[PDB]
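Below: the structure, in structure tokens.
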Amino acid sequence: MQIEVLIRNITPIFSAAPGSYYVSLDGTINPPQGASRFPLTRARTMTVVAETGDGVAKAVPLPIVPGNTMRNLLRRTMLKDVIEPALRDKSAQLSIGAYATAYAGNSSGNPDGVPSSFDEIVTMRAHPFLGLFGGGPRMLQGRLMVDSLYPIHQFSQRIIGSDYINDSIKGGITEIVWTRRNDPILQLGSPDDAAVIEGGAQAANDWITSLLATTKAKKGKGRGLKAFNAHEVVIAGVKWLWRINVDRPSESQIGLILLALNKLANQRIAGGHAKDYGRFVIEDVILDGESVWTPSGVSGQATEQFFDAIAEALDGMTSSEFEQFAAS
Amino acid sequence: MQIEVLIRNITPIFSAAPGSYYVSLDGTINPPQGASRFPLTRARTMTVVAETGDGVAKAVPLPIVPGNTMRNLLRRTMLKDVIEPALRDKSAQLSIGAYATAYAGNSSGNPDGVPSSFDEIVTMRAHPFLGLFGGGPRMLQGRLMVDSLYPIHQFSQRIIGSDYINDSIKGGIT
Amino acid sequence: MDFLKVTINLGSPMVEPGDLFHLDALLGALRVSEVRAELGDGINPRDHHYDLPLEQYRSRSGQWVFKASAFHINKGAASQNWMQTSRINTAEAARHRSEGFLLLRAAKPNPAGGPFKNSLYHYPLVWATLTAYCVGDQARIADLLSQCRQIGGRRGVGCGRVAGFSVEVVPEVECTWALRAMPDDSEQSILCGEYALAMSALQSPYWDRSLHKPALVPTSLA
Amino acid sequence: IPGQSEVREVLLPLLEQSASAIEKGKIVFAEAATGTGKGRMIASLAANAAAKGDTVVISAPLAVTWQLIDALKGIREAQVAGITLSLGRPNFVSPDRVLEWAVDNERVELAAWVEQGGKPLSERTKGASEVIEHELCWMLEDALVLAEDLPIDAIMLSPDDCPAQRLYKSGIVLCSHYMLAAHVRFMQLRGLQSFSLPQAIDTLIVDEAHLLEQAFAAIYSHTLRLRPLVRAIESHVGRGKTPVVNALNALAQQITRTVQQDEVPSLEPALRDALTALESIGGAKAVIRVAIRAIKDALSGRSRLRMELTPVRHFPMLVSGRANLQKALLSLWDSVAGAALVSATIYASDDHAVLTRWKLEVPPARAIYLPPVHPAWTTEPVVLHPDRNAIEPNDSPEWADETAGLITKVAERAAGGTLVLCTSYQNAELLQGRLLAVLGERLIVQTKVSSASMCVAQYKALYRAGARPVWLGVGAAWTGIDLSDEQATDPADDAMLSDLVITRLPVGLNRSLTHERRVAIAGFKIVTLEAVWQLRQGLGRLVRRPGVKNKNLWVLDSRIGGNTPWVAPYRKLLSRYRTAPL
DNA sequence: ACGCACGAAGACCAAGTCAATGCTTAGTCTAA
């Protein structure tokens, strides 16, 4: 079962790329030693081959959101929006092993390695939630195969396809946002400001003297609060395509996926919680080539069976199933 | 919980864009070397995707206020007008480190790197002020998702939605 | 019964296999997928992964392998080191612990190890055209590869989508099926190039360490 | 499949699956090479559709429409369903204005034809009116055949101005691309004139669909024609001429000075002034009504304004029209009709007909691709001479001199009739002067009036006369005209188009605003492959009959020799053809 | 009353890198 979700991000999407990369004030990535350098946290870029500038094949980087991040976002959305309220309604309680399995598929609950009988595999892989995301001490094969969030760009034509050519962006989609942290003590201006500080003026004087001495020592050869740097993000408004496939899905699993897609807009993508990065709105959801996204979320006469099945599953779901899956 | 604040600025807003920029007397940005150039500190613009009547989506600059700057503005406003008066009413004193962390999220540039206890995390995230911003020597995820200040413009229609089209401005605002 | 060349084209980068990626293993996985769709998930996978349209080579000692060479890796771009992590949200777990959803008495998470361990791992991603040589039925192999969508590994996160495939009959002189894990006492005349002795499994599954045997592994393919 | 008797071997593997996909509701894309028997296989598909009950519609240019009519008339299983015609106004003559024009010129042939009733005289029109049993009058084809002395566009059915008029509303439907354009206009405007086309048809076939997109752009784009409009007003309009031309020229000068030298705010005052003044605007009222429609189309707010002075004549010009044809217009066609289409330039070398799917909006799941085909007698019997051009194909006189010398030695070496492919009138006029010194009368070139109406027939007659004529095609000759020696039924004569030379790639021949939208969305890649399409289309003139044995080709562009990266697809395309072993 | 919490501890060598994408020029008339 193929799920095609068209995602447009209202706010920039920031997936931090590993590594210590530098940038200058003018915007030159990795400036030479001559000019000043400031730390930069670039976006997650994947090397892809594309026909750039009428070339036969060019390995150009493409800013994407990692597929594992999308998988974890879907899992967290399910847990925090349908699974956890359903278990709370029954006053269910989970041990550490079951909870770790449910939230990250971590086998710490029973790292011995437990055999699974064929009947047990049949029963558990049919679970509405744990079947999609395999793991735990048993560590099955999940039925969910979610792709990365490839932007609809010129370089992603051979990964996305030509079905959504109308929304492609020709130029670059990355922008550098500069951050700064200021020492609050240096911004005091009157004894009224320093009234709340227990040391009053003396504490601020000692703080400023220590800062000056540390700065002088560092210039001659403990880190203060003051810091200036930038992080690279993907510009807002770019459309993204998310491809989700479920292998041999039951009605309950598809219903759960649809519920998560309904509640997915409330969550964020990748990082940037402080700056409200990653906010997005679902534009279209496609089920096996059939559009299902109504303005009131995923609905229609062709998905009532999935919603009914998942509602029935939520009605009878208990923590004992999670414990059995986690071998706790 | 979503909060949308509609702001009309009485006086011009000037957020410095880092980096050196030059302009001639006529108004041409980055003039040719033959003509006279003068230093210019541009207003910060973040590249955004804007759709036009032609249906093509293109990347255009948009003068905005950074999310970090006015997040700090909100934090300072809360501290100055709500938190600190309440503390001073009961003669409560904060240490220099506590004040620094309250106003900037950290007492120093080096984070502790030691995990926090669960009860401490719950208590801090239930704090009216510390719960919103978090931070501290041990990184605590705050509850406040704060966004930048987007002007209601034809370029920002895709970003801010179409429900504020009645207040949009067509031409350049810089 | 016929000599074949299998070509696979990628629409997404795949995980570069650390060890040999064998055509017979992929065909067995696809056959197991077929019998799963036809019977269900209660089947024993070891009862259907040898029903492949490939004829077998048997050595003096009875050790047998499929005549299906390991996939050749030709890279259209430099390998990219892909980074992935794993973490349980500590604030979310703390909230659940407060509300009784989680039964944890421990005071603190331990990012170094335990239930709340943060882990960092890497695997390489490559753009390649997968070419391998085998002896079998063209129609049945093409039918099996028709249902294959992803190649290599890390398929849960969508690595190695198949843009297309092609199966062609080629002269024997081009390249043999021997570029695989052959048994220890295989005849020298049928081996293409140098063969280093190492430990690997001869029949799929190839990750089962209990099935590992001393085998001749091609040096120019590992 | 009925009607498969005349289907050739090359079309056999594709015809059955194309027919099967019709009832599947899937739109399919095919490349029936010119000279492979397109007309009769289109007719066979139409007969198949008519046999199963649903009405049939076919879209084609007028000349190939006549050709297809000739092919389909012999098919009984196509004749079982009622066959209807096209109802285009310029497809006929005024005829009262035409009658008076012929009377004043004493052309008794035209006068006799119109007074008889304007009944068919040409073979194509006679067949389409007799075998199809459709009473017709005043058709412009017969008037053109009778006399070529009617270059003006005033020869056109007056809106106030017949048995054909009755048959407008009185199975198989014959129409062009622009009939479909008019009907999709009808649906989009009223659903959201000549309404004979059913509002929902289960089968449509287009023999030339690569040019359907530009036709839909043309119908959805209205040209101001401002400078020719004011010139015609000054020459003809006399009703308060002075203030009207004052206002119109003020508009022209103001837009030229401000914009050239309703999306644009500065165009708003000009639009208001045009709305107020041009309403002041006789039988020539349509010449002003077209400009009025262009003005209100610009006012509609759904249009994009493109304006610039003419590079050659420096006449101010304004272009307005909808660039957003990709959302509701073609999708309306897809919803209305399940159809198929054919064009020789559908599938590109690496695009895999994506450009077709984008230009002609097709649902992603409804589109089905088809393998490419090509007969052996289309690529083998021609060799390319390595005589490349040494100068950039600009308008410099020295480049014209060198190109003229090269093509002059080619013409001296030419075995028989030859075609030199010129992109624009600017290059031809710059080039014809040097040629006329040596070639003399042997060279014949198009003009603003001179076109395939009589020039192709004159070239055919002169070639049969042994003059070894040279046809300097300009734009029109790039597509549609036939250069197969049909009378010489060997068929391998290879003399009427023994040799042909290309002057440019070309680059950016298409100037539709939709093309501008596409190049903005996708970049310079789309225009390069569109030019590859054009180059392949130009090669379509080389062969239109099977069994051609020996022809020659010349390439004249320094860019192909300059090894610039972007001409790689042209190198790949020409590499299919063996070079001349010089 | 076995299960879980929680600090101390024990391996301990240690570099060179940090761009990956630029590209041109006017014919159509076959629906109101």
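For the structure tokens, the naming scheme is as follows: chains receive sequential letters (A, B, ...) according to their order of presentation, residues are indexed from 1 within each chain, and ligands are indexed from 1 in presentation order.
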task = Run DSSP on the backbone of this structure and report the residues of region 197-395 of chain D it assigns to alpha helix (DSSP H), as an MDAnalysis selection string.
result = chainID D and resid 212:219 226:235 241:255 267:277 285:299 329:336 354:359 376:379
task = Write out as a PyMOL selection string every residue belonging to chain D that has an atom at most 7 Å from any atom of chain B, counting only C-alpha atoms.
result = chain D and resi 302+304+323-324+517+521
key: Interface residues on chain D facing chain E, 9 Å, only C-alpha atoms (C1' of nucleotides), written as JSON, numbers by chain   = {"D": [60, 61, 62, 63, 87, 88, 89, 90, 91, 159, 176, 177, 178, 179, 180, 181, 182, 183, 193, 194, 214, 215, 218, 219, 310, 311, 423, 424, 425, 474, 475, 476, 507, 508, 509, 510, 511, 523, 524, 525, 527, 566]}
query = If we count only C-alpha atoms, which residues of chain D reach to within 12 Å of chain A? Please list them as an MDAnalysis selection string.
reply = chainID D and resid 324:327 349:359 361:367 517:529 564:570 572
request  = Just give me the gap between CA of residue 162 (chain D) and CA of residue 121 (chain D) in Å, one decimal is fine.
outcome  =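 So the answer is 17.8 Å.
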task = Tell me which protein, DNA and RNA residues are within 9 Å of residue 226 (chain A), counting only C-alpha atoms (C1' of nucleotides), leaving out same-chain ones fewer than 5 positions away, and put them as a list in words.
result = residues 180, 181, 182 and 183 of chain A; 108 and 109 of chain B
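Every residue of chain A that lies within 6 Å of chain B is listed here, counting only C-alpha atoms: residues 10, 25, 26, 184, 196, 197, 198, 223, 224, 225, 235, 236, 237, 273, 274, 275 and 276 of chain A.
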message = Would you mind listing, as an MDAnalysis selection string, all residues of chain C that have at least one atom within 10 Å of chain E, where only C-alpha atoms (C1' of nucleotides) are what counts?
response = chainID C and resid 104:108
Write to file, as a compact mmCIF listing (two decimals), in the first residue's frame, the residues of the selection just made, with N, CA, C and O atoms.
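out.txt was written with the following content:
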# COMPACT_ATOMS: atom_id res chain seq x y z
N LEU C 104 8.82 3.39 35.98
CA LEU C 104 10.25 3.49 36.19
C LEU C 104 10.51 4.16 37.53
O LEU C 104 10.02 5.27 37.77
N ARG C 105 11.26 3.49 38.40
CA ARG C 105 11.68 4.06 39.67
C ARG C 105 13.04 4.76 39.61
O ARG C 105 13.35 5.56 40.50
N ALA C 106 13.83 4.52 38.57
CA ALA C 106 15.15 5.13 38.49
C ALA C 106 15.03 6.64 38.36
O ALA C 106 14.12 7.16 37.72
N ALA C 107 15.97 7.32 39.01
CA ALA C 107 15.91 8.77 39.08
C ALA C 107 16.30 9.41 37.76
O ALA C 107 15.70 10.40 37.34
N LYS C 108 17.33 8.88 37.09
CA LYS C 108 17.89 9.59 35.96
C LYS C 108 18.02 8.69 34.75
O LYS C 108 18.21 7.48 34.88
ask   = Residues at most 7 Å from region 167-173 of chain D, counting only C-alpha atoms (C1' of nucleotides), excluding those fewer than 4 positions away in the same chain, as a list in words?
value = residues 50, 55, 56, 57, 58, 81, 82, 83, 84, 85, 87, 163, 194 and 196 of chain D
inquiry  = Using only C-alpha atoms (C1' of nucleotides), which protein or nucleic acid residues come within 9 Å of residue 204 (chain D)? Drop anything in the same chain fewer than 5 positions from it, and give the result as an MDAnalysis selection string.
reply    = chainID D and resid 46 56:59 337:341
inquiry  = Just want the 12 Å neighbourhood of residue 17 (chain E), counted on only C-alpha atoms (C1' of nucleotides), with same-chain residues fewer than 4 positions away dropped. Output as a list in words.
reply    =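 Once the adjacent positions are removed, what remains is residues 19, 20, 21 and 30 of chain A.
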task = Hey, list the chain C side of the contact with chain A: 8 Å cut-off, only C-alpha atoms, answer as a VMD selection string.
result = chain C and resid 11 to 13 37 41 to 44 76 to 77 80 83 to 84 86 to 88 100 to 104 114 to 116 127 155 to 159
List the spatial neighbours of residue 111 (chain B) as a CSV table (one decimal) with C-alpha atoms, in the first residue's frame - criterion: any atom at most 7 Å away, only C-alpha atoms (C1' of nucleotides), same-chain residues fewer than 2 positions off excluded.
chain,number,residue,atom,x,y,z
B,109,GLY,CA,29.2,28.9,27.7
B,113,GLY,CA,26.5,17.5,30.0
B,137,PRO,CA,23.2,24.1,32.3
B,138,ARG,CA,21.5,20.8,31.6
request  = Work out how far CA of residue 452 (chain D) is from CA of residue 145 (chain D), in Å to one decimal.
outcome  = 12.2 Å
query = What is the distance between CA of residue 319 (chain D) and CA of residue 301 (chain D), in Å to one decimal?
reply = 13.8 Å
With the cut-off set at 8 Å and counting only C-alpha atoms, tabulate each residue of chain C with an atom at most that distance from an atom of chain B, showing the nearest atom pair and its distance in Å to one decimal, ordered by chain and increasing number, as a tab-separated table.
residue	atom	partner	partner_atom	distance
C:91	CA	B:121	CA	6.7
C:94	CA	B:118	CA	4.9
C:95	CA	B:122	CA	6.3
C:97	CA	B:118	CA	7.7
C:98	CA	B:122	CA	7.4
C:107	CA	B:117	CA	5.4
C:108	CA	B:117	CA	4.5
C:109	CA	B:115	CA	6.6
C:110	CA	B:115	CA	7.3
C:111	CA	B:115	CA	7.8
inquiry  = Give me, as number ranges by chain, the residues of region 60-218 of chain D that a backbone DSSP run labels strand (DSSP E).
reply    = D: 83-84, 172-175, 203-206
Closest of B:16, B:62, B:3, B:23 to residue 43 (chain B) - atom-to-atom distances counting only C-alpha atoms = B:16
